[PDB]
Amino acid sequence: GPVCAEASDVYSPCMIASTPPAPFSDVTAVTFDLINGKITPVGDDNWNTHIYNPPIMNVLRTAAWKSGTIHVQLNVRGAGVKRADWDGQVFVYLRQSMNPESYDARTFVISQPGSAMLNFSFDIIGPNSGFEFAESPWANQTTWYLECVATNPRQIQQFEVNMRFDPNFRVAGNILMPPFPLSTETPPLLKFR
Amino acid sequence: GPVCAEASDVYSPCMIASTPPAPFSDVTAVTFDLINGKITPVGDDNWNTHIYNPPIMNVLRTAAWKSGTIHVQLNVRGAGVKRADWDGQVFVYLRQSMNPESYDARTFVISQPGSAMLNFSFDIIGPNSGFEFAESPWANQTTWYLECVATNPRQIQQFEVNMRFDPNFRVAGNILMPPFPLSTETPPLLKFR
Amino acid sequence: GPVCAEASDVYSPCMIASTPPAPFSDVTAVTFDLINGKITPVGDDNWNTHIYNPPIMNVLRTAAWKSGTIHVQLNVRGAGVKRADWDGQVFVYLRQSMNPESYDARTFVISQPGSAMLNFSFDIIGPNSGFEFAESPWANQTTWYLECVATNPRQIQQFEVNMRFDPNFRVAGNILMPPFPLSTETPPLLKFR
Amino acid sequence: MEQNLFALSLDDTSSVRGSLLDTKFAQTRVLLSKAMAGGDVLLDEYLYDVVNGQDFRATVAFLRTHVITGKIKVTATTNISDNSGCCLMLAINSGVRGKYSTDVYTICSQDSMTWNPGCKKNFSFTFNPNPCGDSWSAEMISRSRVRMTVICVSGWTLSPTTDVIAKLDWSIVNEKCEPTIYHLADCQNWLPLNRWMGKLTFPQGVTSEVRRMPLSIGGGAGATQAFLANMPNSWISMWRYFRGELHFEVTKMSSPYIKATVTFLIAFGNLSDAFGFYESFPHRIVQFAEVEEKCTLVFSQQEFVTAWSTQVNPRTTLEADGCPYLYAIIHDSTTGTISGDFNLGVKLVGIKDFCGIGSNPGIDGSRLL
Amino acid sequence: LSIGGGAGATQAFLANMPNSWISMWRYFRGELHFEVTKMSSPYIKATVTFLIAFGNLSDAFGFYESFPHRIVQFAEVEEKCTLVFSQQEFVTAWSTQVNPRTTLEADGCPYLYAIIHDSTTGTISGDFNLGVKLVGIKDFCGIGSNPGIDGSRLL
Amino acid sequence: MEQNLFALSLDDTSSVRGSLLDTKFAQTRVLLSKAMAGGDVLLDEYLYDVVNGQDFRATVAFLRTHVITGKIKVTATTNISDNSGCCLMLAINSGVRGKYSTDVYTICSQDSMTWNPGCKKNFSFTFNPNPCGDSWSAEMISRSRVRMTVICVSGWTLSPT
């Protein structure tokens, strides 16, 4: 409706991806690996892939075993376009593995002239004692990729992924990672002068 | 409002149907048989009918008797069109049998420039001990067809049906079916090159 | 949807900021310091910064220690523009300190042809006994800045911040402030004649 | 002999205890001018800095204790002849920002202490630097920038021969440090505001004298083109209307030579200045012995028919006002054998059985006194 | 004592799961446990003293010994020594992680100090190394969710 | 409120008591050469002067107490490798006059303490500055010129690095 609910909590940004610069006009998408922090565009399309280091993001790729639910908020920003010209759309696909057979977990579709945001939440549940080691070949466990696609990559400028841990979350086991490259936030206005 | 509720759970896609290719401009519809997994367009109109095999879909046509409630999410994707030109609409009709007398179960109407999604849920309740054998001529039992129609088949490109079982669901009795043709998901980008 | 929820309570306006007058067309933003009542635009861009004195605003900058939750309602008014021309957008960033590393607390994005409003709420929780002295260098405590940005500063005319105290709020300790300049409300119609 | 050292009387974390001798950790010398009618800032300084020079039994242990358990006892020493008046004040505050108001109403919202060196020789009290905890350290009040102040509220009714000074005995006494937090509970057993009410001034002579103080202490106090307000007062402004038992601390800041009988009462605004029959309304008559310095005024619920607006619009005529007023009328006539004024400090300390009614939308600034 | 975000490294921070996890909260507190190991030859004798203090402290201070502390010597064989710092050594909780570009004097969060009491020594060239590992927090207390802050001080 | 001050916790005459933390009133740093066969005078100094720089919990109370009731505990810290020997000594004496003998036999007649940093890491003991009383003050050992000393009785059997 015309009033908006109070939407609280802390939802630190984790993964952000921008659409290829002009004159790329074909339909293109990107896949987010919500649990390991790895972004990968469709083909050799030029996207701007950035992985941040929120306290939350960190634990995800440094914790071997994890169990609980995750809250997510996906934001879509677009480059200024005369409203009555917008034909963009966004098809977000939540899935367990990109292997062509595996069917979507959840499925969304939205056409918001300008920019919108959609919050959803999946459940990380595993075979051990309720834990699912992100993509371990043990019980042939999966992960959670969230594939987002853009109709017109020119009107849709970027996909932002924000995620918050739900209090019922628990993890045990450390996975030795390589040093984490310092990645700062680029949204402040691109101000020079 | 401008914020969006968290919409969770698993809602594997079951039946998807695309509108006839150009230059077909007349108004056309399609009927989904939510319980048996059979799709049928209005006349000899060319639609793209695909029946998937989610674990859920399967049980539906392999389980004779079924009782409980079903959650559904219908998604409508459309082909890129200058927003201020959209005149499309979608009239979804949920019903028990196409026989002209029988009146609609529920009735929806939406006009979303671009693409939208509507979630609803019906209750499969039968005469046995609460079970309704999909269309059995016993108590002259019905099923649940969901007929969706498109104003402009050119702007509306497809109807996607996602359904999730509610925990109160129960089924007993097996119905011998013919081997199930392998049907994979075609949404990944139609990428060749 | 088409009906609107009842949205009550008292939400006295605290900080209001208008976008630079014509012919400034570049993208520009402004940062609100929700806890101390200080507004600051990005660069030397000409905004209309006004700090009001609601009973609520007052207590915030006169109370050293504070603990509890705050309800906020941000309103965006825009200057009359043919609807089908709107390309504006608003990216609101809630954060603890502008220092480039620190990541966003919450993140919003909205494109409302004309004007909209978004309600959210953060939690002021501190190290003392649950109190967080606004930006004290003691436990290197923070505050809460809410940075709002406008795509087209010509279509978006102003950002209004309304905040209400939640009943669980508590504060102790007074901070000697300088006399408070009388600041009255300018929304009544700019009527002269 | 040799011995193991890892386990010795070395990891002591306990707070400083003992006599007021081993507890004295600071002695500050603060001077007074030979003349200062009012609002003078005798000395302002961050609390933690009061130790800079100092080196007493307790000094050293003061800094090096991670967590203190006792309140601070500050004691001023200073006496002046019977024929002279004056009024000082020491007030601590949790913090400060920018060019703050050094006025009285601004600092006495938190722990404060007021007095007259003319009749009561040395004054002291105990406060808690951490207004919301029960602990606090030396490094604490240093970082959170706890500022304390010293001001002169009313000049000398008579000038001393030379400048004088008053010493301070900062000590960490043995008392439990307790918090003082403000809730939003509409019904409160007791709520402290320490909101100052004003410096009443009664000129000598048989002049017919009367003063009104707004019981609508909302928004804060007056000031040109701006209002200044402490946290408490600023906070109570949260409600539209309110009521409860009123407490008041009226202090004598003039030389005990300036004798005068003042009478108080609650009444409304429309009252004429040439009324006279105030004495038919319930009241309290106040005289001051040669030494008596403080007098407490209590106004029970029976002096108010119903709750009243926390703050009313400034541009409101004095007769259109419908909210009570604390009145201060001269019963007989101020007097003395020395030129001077009979000043009176009126501070609303707290409301017993407070009752806040509905949220207040607000209203910019407030009446000016 | 602001072990948030992880440890240092050039143009990147590395962090295990635990440390990475505690970073979930803004501020925190509780009883600190520590396991200090001797990695040098028992020939290298030296007496080290520990304590909790703040950053502004000068290197030529000297009177550390007036702050509550623990003195540590090492027998010819003793290898491990456990350091416990009760709640009484912290007035209030402190920020899990503070900004890297923070001056050493502007820092308002405790520090575990290691001072040489007398002087390291030996009849053989060598160094007196010490391994300090924070094993756990007894009666932990996490305060509010932490928005985060990229990387962390480098030691 | 106001109050009478003549009778307050201000005329306290009691001797300093408490933990060895509030009791630490002096920390002196004394160096050793890389070589000293014997009879070397590591550090000589009047007792009272050991407080000059110092500023610990107890320091301040130490000077300002007219009559102390407890002995002084001096504790040395210093260890050297197993393969090396050496012998130190700390000895206090009531007084001194003219070019006195700094030899060992001369100082260890009164309260003294001897040890080897090679086998026993840190050494300490308690003494009584007033050899004929049961009390003593800060100003006391300052005036009666109580001298304490530190000497090396036997060199290092091996030199430290």
# chains A, B, ... in the order shown; residues from 1 in each chain; ligands from 1
>>> calpha_fit_and_write(fixed="chain C", moving="chain B", output="JSON list (two decimals) with C-alpha atoms, in the first residue's frame")
[["chain", "number", "residue", "atom", "x", "y", "z"],
["B", 1, "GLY", "CA", -1.80, -3.42, -2.12],
["B", 2, "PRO", "CA", -4.67, -0.91, -2.91],
["B", 3, "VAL", "CA", -5.72, -0.59, 0.76],
["B", 4, "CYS", "CA", -3.53, 0.93, 3.33],
["B", 5, "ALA", "CA", -2.78, -0.22, 6.75],
["B", 6, "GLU", "CA", -3.42, 2.01, 9.67],
["B", 7, "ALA", "CA", -0.28, 3.72, 10.49],
["B", 8, "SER", "CA", -0.45, 5.53, 13.76],
["B", 9, "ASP", "CA", 1.65, 7.16, 16.42],
["B", 10, "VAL", "CA", 3.33, 10.54, 16.83],
["B", 11, "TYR", "CA", 6.38, 11.11, 14.68],
["B", 12, "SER", "CA", 7.54, 14.72, 15.11],
["B", 13, "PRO", "CA", 9.85, 15.96, 12.30],
["B", 14, "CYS", "CA", 13.46, 16.39, 13.31],
["B", 15, "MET", "CA", 15.74, 17.04, 10.35],
["B", 16, "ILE", "CA", 14.76, 18.21, 6.86],
["B", 17, "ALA", "CA", 17.05, 18.86, 3.85],
["B", 18, "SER", "CA", 16.17, 20.26, 0.37],
["B", 19, "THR", "CA", 18.13, 19.64, -2.85],
["B", 20, "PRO", "CA", 20.19, 22.45, -4.45],
["B", 21, "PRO", "CA", 18.29, 24.89, -6.69],
["B", 22, "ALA", "CA", 18.59, 24.82, -10.49],
["B", 23, "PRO", "CA", 20.69, 24.37, -12.64],
["B", 24, "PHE", "CA", 22.49, 21.82, -10.44],
["B", 25, "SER", "CA", 21.85, 18.48, -12.19],
["B", 26, "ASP", "CA", 24.57, 16.14, -10.87],
["B", 27, "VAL", "CA", 23.88, 13.34, -8.43],
["B", 28, "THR", "CA", 24.11, 14.52, -4.83],
["B", 29, "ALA", "CA", 23.48, 13.26, -1.29],
["B", 30, "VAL", "CA", 23.22, 14.35, 2.33],
["B", 31, "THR", "CA", 24.11, 12.74, 5.65],
["B", 32, "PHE", "CA", 21.97, 12.91, 8.79],
["B", 33, "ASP", "CA", 23.44, 12.34, 12.24],
["B", 34, "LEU", "CA", 20.28, 10.95, 13.80],
["B", 35, "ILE", "CA", 21.65, 11.00, 17.36],
["B", 36, "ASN", "CA", 23.28, 14.46, 17.60],
["B", 37, "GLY", "CA", 21.17, 16.45, 15.16],
["B", 38, "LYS", "CA", 23.85, 17.48, 12.66],
["B", 39, "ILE", "CA", 23.25, 17.59, 8.86],
["B", 40, "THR", "CA", 26.01, 17.70, 6.25],
["B", 41, "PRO", "CA", 25.74, 17.56, 2.41],
["B", 42, "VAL", "CA", 28.34, 15.71, 0.29],
["B", 43, "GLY", "CA", 30.47, 18.49, -1.17],
["B", 44, "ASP", "CA", 29.86, 22.22, -1.24],
["B", 45, "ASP", "CA", 26.52, 21.53, -2.80],
["B", 46, "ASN", "CA", 23.78, 23.96, -1.82],
["B", 47, "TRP", "CA", 21.16, 22.21, 0.26],
["B", 48, "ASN", "CA", 18.61, 23.71, 2.64],
["B", 49, "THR", "CA", 19.58, 22.28, 6.04],
["B", 50, "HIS", "CA", 17.10, 22.74, 8.88],
["B", 51, "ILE", "CA", 17.25, 21.22, 12.38],
["B", 52, "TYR", "CA", 14.00, 21.38, 14.34],
["B", 53, "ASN", "CA", 13.45, 21.24, 18.10],
["B", 54, "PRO", "CA", 10.78, 18.60, 18.81],
["B", 55, "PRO", "CA", 10.69, 17.51, 22.44],
["B", 56, "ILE", "CA", 12.28, 14.32, 21.10],
["B", 57, "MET", "CA", 15.03, 15.91, 19.05],
["B", 58, "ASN", "CA", 16.03, 17.91, 22.11],
["B", 59, "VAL", "CA", 16.53, 15.00, 24.48],
["B", 60, "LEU", "CA", 18.77, 13.29, 21.89],
["B", 61, "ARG", "CA", 21.49, 15.91, 21.87],
["B", 62, "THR", "CA", 21.05, 16.83, 25.55],
["B", 63, "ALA", "CA", 21.27, 13.25, 26.86],
["B", 64, "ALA", "CA", 24.80, 11.90, 27.19],
["B", 65, "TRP", "CA", 23.95, 8.22, 27.57],
["B", 66, "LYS", "CA", 21.06, 6.59, 25.70],
["B", 67, "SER", "CA", 19.75, 3.02, 25.22],
["B", 68, "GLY", "CA", 16.76, 1.62, 23.36],
["B", 69, "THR", "CA", 15.27, 1.54, 19.88],
["B", 70, "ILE", "CA", 14.28, 4.38, 17.57],
["B", 71, "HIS", "CA", 11.49, 4.44, 15.03],
["B", 72, "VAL", "CA", 12.10, 6.43, 11.87],
["B", 73, "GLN", "CA", 10.03, 7.63, 8.95],
["B", 74, "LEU", "CA", 11.83, 9.18, 6.03],
["B", 75, "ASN", "CA", 9.68, 11.15, 3.59],
["B", 76, "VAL", "CA", 10.72, 12.23, 0.09],
["B", 77, "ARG", "CA", 8.90, 15.11, -1.57],
["B", 78, "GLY", "CA", 9.59, 15.98, -5.18],
["B", 79, "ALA", "CA", 8.85, 18.98, -7.41],
["B", 80, "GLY", "CA", 5.96, 18.45, -9.84],
["B", 81, "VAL", "CA", 7.10, 16.49, -12.93],
["B", 82, "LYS", "CA", 5.16, 14.71, -15.71],
["B", 83, "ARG", "CA", 4.95, 11.23, -14.22],
["B", 84, "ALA", "CA", 6.21, 9.35, -17.31],
["B", 85, "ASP", "CA", 9.45, 11.41, -17.11],
["B", 86, "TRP", "CA", 10.57, 10.49, -13.58],
["B", 87, "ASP", "CA", 13.98, 8.84, -13.38],
["B", 88, "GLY", "CA", 14.75, 9.77, -9.80],
["B", 89, "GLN", "CA", 15.74, 7.30, -7.11],
["B", 90, "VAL", "CA", 16.85, 7.42, -3.51],
["B", 91, "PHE", "CA", 19.55, 5.34, -1.88],
["B", 92, "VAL", "CA", 19.39, 5.60, 1.88],
["B", 93, "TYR", "CA", 22.36, 4.23, 3.80],
["B", 94, "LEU", "CA", 22.20, 3.70, 7.56],
["B", 95, "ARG", "CA", 25.64, 3.48, 9.10],
["B", 96, "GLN", "CA", 27.71, 3.81, 12.24],
["B", 97, "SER", "CA", 30.64, 5.95, 10.97],
["B", 98, "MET", "CA", 31.48, 7.52, 7.60],
["B", 99, "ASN", "CA", 35.01, 6.15, 7.82],
["B", 100, "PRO", "CA", 35.23, 4.34, 4.40],
["B", 101, "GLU", "CA", 35.86, 0.88, 5.90],
["B", 102, "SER", "CA", 32.80, 0.59, 8.16],
["B", 103, "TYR", "CA", 30.01, -1.21, 6.24],
["B", 104, "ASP", "CA", 26.37, -0.20, 5.99],
["B", 105, "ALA", "CA", 24.00, -1.12, 8.79],
["B", 106, "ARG", "CA", 20.92, -1.36, 6.60],
["B", 107, "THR", "CA", 20.51, -0.53, 2.94],
["B", 108, "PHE", "CA", 17.53, 0.87, 1.02],
["B", 109, "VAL", "CA", 16.70, 1.76, -2.54],
["B", 110, "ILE", "CA", 13.42, 3.20, -3.87],
["B", 111, "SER", "CA", 12.14, 4.83, -7.05],
["B", 112, "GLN", "CA", 8.80, 6.47, -6.39],
["B", 113, "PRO", "CA", 7.49, 8.70, -9.20],
["B", 114, "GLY", "CA", 6.40, 11.68, -7.16],
["B", 115, "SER", "CA", 7.17, 11.01, -3.52],
["B", 116, "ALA", "CA", 7.24, 8.19, -0.99],
["B", 117, "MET", "CA", 8.07, 7.32, 2.61],
["B", 118, "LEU", "CA", 9.98, 4.46, 4.25],
["B", 119, "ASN", "CA", 9.87, 3.50, 7.94],
["B", 120, "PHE", "CA", 12.67, 1.54, 9.59],
["B", 121, "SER", "CA", 14.20, 1.35, 13.08],
["B", 122, "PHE", "CA", 17.66, 0.86, 14.53],
["B", 123, "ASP", "CA", 18.80, -0.10, 18.01],
["B", 124, "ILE", "CA", 20.97, 2.17, 20.13],
["B", 125, "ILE", "CA", 22.87, -0.35, 22.26],
["B", 126, "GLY", "CA", 26.01, 0.52, 24.21],
["B", 127, "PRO", "CA", 28.95, -0.91, 26.21],
["B", 128, "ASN", "CA", 28.35, 0.77, 29.59],
["B", 129, "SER", "CA", 25.31, -1.10, 30.99],
["B", 130, "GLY", "CA", 23.65, -1.04, 27.63],
["B", 131, "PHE", "CA", 24.17, 2.67, 26.88],
["B", 132, "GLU", "CA", 26.12, 4.18, 23.97],
["B", 133, "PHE", "CA", 27.36, 7.72, 24.54],
["B", 134, "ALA", "CA", 26.95, 9.24, 21.07],
["B", 135, "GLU", "CA", 30.45, 9.06, 19.51],
["B", 136, "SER", "CA", 32.41, 9.09, 22.77],
["B", 137, "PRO", "CA", 36.05, 8.08, 22.37],
["B", 138, "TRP", "CA", 35.63, 5.78, 25.38],
["B", 139, "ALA", "CA", 34.88, 2.35, 23.89],
["B", 140, "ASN", "CA", 35.36, 4.05, 20.52],
["B", 141, "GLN", "CA", 31.61, 4.27, 20.41],
["B", 142, "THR", "CA", 29.76, 5.35, 17.30],
["B", 143, "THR", "CA", 26.53, 7.15, 16.50],
["B", 144, "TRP", "CA", 24.07, 6.65, 13.70],
["B", 145, "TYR", "CA", 24.38, 8.58, 10.48],
["B", 146, "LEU", "CA", 21.69, 8.06, 7.81],
["B", 147, "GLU", "CA", 23.00, 9.04, 4.39],
["B", 148, "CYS", "CA", 20.41, 9.64, 1.72],
["B", 149, "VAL", "CA", 21.25, 10.19, -1.92],
["B", 150, "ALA", "CA", 19.23, 11.46, -4.91],
["B", 151, "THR", "CA", 19.68, 10.33, -8.56],
["B", 152, "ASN", "CA", 18.14, 13.45, -10.09],
["B", 153, "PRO", "CA", 18.31, 16.36, -7.60],
["B", 154, "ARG", "CA", 15.90, 18.21, -9.85],
["B", 155, "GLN", "CA", 12.96, 15.80, -9.49],
["B", 156, "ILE", "CA", 13.60, 14.95, -5.83],
["B", 157, "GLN", "CA", 13.04, 18.14, -3.84],
["B", 158, "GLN", "CA", 13.61, 17.07, -0.21],
["B", 159, "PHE", "CA", 14.34, 14.47, 2.48],
["B", 160, "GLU", "CA", 12.32, 14.64, 5.69],
["B", 161, "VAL", "CA", 13.29, 12.72, 8.79],
["B", 162, "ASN", "CA", 10.69, 11.85, 11.38],
["B", 163, "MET", "CA", 11.57, 9.81, 14.44],
["B", 164, "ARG", "CA", 9.66, 8.45, 17.39],
["B", 165, "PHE", "CA", 11.04, 7.05, 20.62],
["B", 166, "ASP", "CA", 10.10, 3.47, 21.41],
["B", 167, "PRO", "CA", 8.78, 2.99, 25.00],
["B", 168, "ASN", "CA", 11.82, 0.86, 25.94],
["B", 169, "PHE", "CA", 14.05, 3.91, 25.66],
["B", 170, "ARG", "CA", 16.12, 5.08, 28.61],
["B", 171, "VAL", "CA", 18.78, 7.77, 29.05],
["B", 172, "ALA", "CA", 20.92, 9.22, 31.82],
["B", 173, "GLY", "CA", 23.55, 11.92, 31.89],
["B", 174, "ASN", "CA", 23.39, 15.49, 30.64],
["B", 175, "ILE", "CA", 25.68, 17.08, 28.10],
["B", 176, "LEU", "CA", 25.97, 20.86, 28.39],
["B", 177, "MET", "CA", 24.94, 22.32, 25.04],
["B", 178, "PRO", "CA", 24.99, 25.86, 23.66],
["B", 179, "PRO", "CA", 21.68, 27.73, 23.51],
["B", 180, "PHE", "CA", 19.40, 26.17, 20.86],
["B", 181, "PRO", "CA", 18.56, 28.48, 17.93],
["B", 182, "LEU", "CA", 14.80, 28.86, 17.47],
["B", 183, "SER", "CA", 13.94, 26.84, 14.37],
["B", 184, "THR", "CA", 10.28, 26.85, 13.25],
["B", 185, "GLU", "CA", 8.50, 24.72, 10.62],
["B", 186, "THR", "CA", 8.61, 26.05, 7.02],
["B", 187, "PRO", "CA", 6.05, 23.56, 5.32],
["B", 188, "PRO", "CA", 3.04, 25.67, 5.64],
["B", 189, "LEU", "CA", 2.49, 26.85, 2.21],
["B", 190, "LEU", "CA", 5.18, 29.36, 1.19],
["B", 191, "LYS", "CA", 2.20, 31.90, 1.21],
["B", 192, "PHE", "CA", 2.83, 35.59, 0.71],
["B", 193, "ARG", "CA", -0.31, 37.42, -0.58]]
>>> residues_around(residues="residue 33 of chain E", least_positions_apart="6", cutoff="12 Å", atoms="only C-alpha atoms", output="number ranges by chain")
E: 81-87, 112, 132-140
>>> write_last_selection(atoms="C-alpha atoms", output="compact mmCIF listing (two decimals), in the first residue's frame")
# COMPACT_ATOMS: atom_id res chain seq x y z
CA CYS E 81 51.73 -20.26 32.18
CA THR E 82 48.03 -19.35 32.31
CA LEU E 83 46.91 -15.71 32.63
CA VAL E 84 43.50 -14.92 33.98
CA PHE E 85 42.06 -11.41 33.97
CA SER E 86 38.78 -11.19 35.89
CA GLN E 87 35.93 -8.80 35.18
CA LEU E 112 47.20 -6.79 27.17
CA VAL E 132 50.43 -15.53 23.55
CA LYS E 133 47.09 -17.16 22.64
CA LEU E 134 43.67 -16.05 23.92
CA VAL E 135 41.98 -19.43 24.49
CA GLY E 136 38.59 -18.34 25.75
CA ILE E 137 36.25 -15.91 27.47
CA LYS E 138 34.49 -17.04 30.64
CA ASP E 139 31.09 -15.42 31.20
CA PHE E 140 31.18 -13.82 27.78
>>> closest_atom_pairs(of="chain E", to="chain D", cutoff="10 Å", atoms="only C-alpha atoms", output="JSON lines")
{"residue": "E:49", "atom": "CA", "partner": "D:6", "partner_atom": "CA", "distance": 9.1}
{"residue": "E:51", "atom": "CA", "partner": "D:11", "partner_atom": "CA", "distance": 8.7}
{"residue": "E:52", "atom": "CA", "partner": "D:66", "partner_atom": "CA", "distance": 8.8}
{"residue": "E:53", "atom": "CA", "partner": "D:66", "partner_atom": "CA", "distance": 8.4}
{"residue": "E:54", "atom": "CA", "partner": "D:139", "partner_atom": "CA", "distance": 8.5}
{"residue": "E:63", "atom": "CA", "partner": "D:64", "partner_atom": "CA", "distance": 9.8}
{"residue": "E:64", "atom": "CA", "partner": "D:64", "partner_atom": "CA", "distance": 8.9}
{"residue": "E:65", "atom": "CA", "partner": "D:10", "partner_atom": "CA", "distance": 8.7}
{"residue": "E:66", "atom": "CA", "partner": "D:64", "partner_atom": "CA", "distance": 6.3}
{"residue": "E:67", "atom": "CA", "partner": "D:64", "partner_atom": "CA", "distance": 5.0}
{"residue": "E:68", "atom": "CA", "partner": "D:11", "partner_atom": "CA", "distance": 4.8}
{"residue": "E:69", "atom": "CA", "partner": "D:11", "partner_atom": "CA", "distance": 5.0}
{"residue": "E:70", "atom": "CA", "partner": "D:6", "partner_atom": "CA", "distance": 5.8}
{"residue": "E:71", "atom": "CA", "partner": "D:6", "partner_atom": "CA", "distance": 5.0}
{"residue": "E:72", "atom": "CA", "partner": "D:6", "partner_atom": "CA", "distance": 5.5}
{"residue": "E:73", "atom": "CA", "partner": "D:6", "partner_atom": "CA", "distance": 7.4}
{"residue": "E:74", "atom": "CA", "partner": "D:6", "partner_atom": "CA", "distance": 9.9}
{"residue": "E:75", "atom": "CA", "partner": "D:4", "partner_atom": "CA", "distance": 9.9}
{"residue": "E:81", "atom": "CA", "partner": "D:6", "partner_atom": "CA", "distance": 9.2}
{"residue": "E:83", "atom": "CA", "partner": "D:6", "partner_atom": "CA", "distance": 9.7}
{"residue": "E:84", "atom": "CA", "partner": "D:11", "partner_atom": "CA", "distance": 9.9}
{"residue": "E:85", "atom": "CA", "partner": "D:11", "partner_atom": "CA", "distance": 8.9}
{"residue": "E:86", "atom": "CA", "partner": "D:13", "partner_atom": "CA", "distance": 8.7}
{"residue": "E:87", "atom": "CA", "partner": "D:13", "partner_atom": "CA", "distance": 9.3}
{"residue": "E:88", "atom": "CA", "partner": "D:13", "partner_atom": "CA", "distance": 5.8}
{"residue": "E:89", "atom": "CA", "partner": "D:66", "partner_atom": "CA", "distance": 5.4}
{"residue": "E:90", "atom": "CA", "partner": "D:66", "partner_atom": "CA", "distance": 6.1}
{"residue": "E:91", "atom": "CA", "partner": "D:67", "partner_atom": "CA", "distance": 5.2}
{"residue": "E:92", "atom": "CA", "partner": "D:136", "partner_atom": "CA", "distance": 8.2}
{"residue": "E:106", "atom": "CA", "partner": "D:143", "partner_atom": "CA", "distance": 9.2}
{"residue": "E:107", "atom": "CA", "partner": "D:143", "partner_atom": "CA", "distance": 9.8}
{"residue": "E:108", "atom": "CA", "partner": "D:143", "partner_atom": "CA", "distance": 7.6}
>>> closest_residue(among="D:348, D:168, D:246, D:236", to="chain C", atoms="only C-alpha atoms")
D:236
>>> residues_around(residues="residue 124 of chain E", least_positions_apart="2", cutoff="12 Å", atoms="only C-alpha atoms", output="ChimeraX atom specification")
/E:40-45,120-122,126-128 /F:80-84,158-161
>>> residues_around(residues="residue 120 of chain D", least_positions_apart="3", cutoff="8 Å", atoms="only C-alpha atoms", output="MDAnalysis selection string")
(chainID D and resid 79 115:117 123 291 293) or (chainID F and resid 2)
>>> atom_distance(atom1="atom CA of residue 226 of chain D", atom2="atom CA of residue 364 of chain D")
9.1 Å
>>> atom_distance(atom1="atom CA of residue 58 of chain D", atom2="atom CA of residue 57 of chain F")
7.7 Å
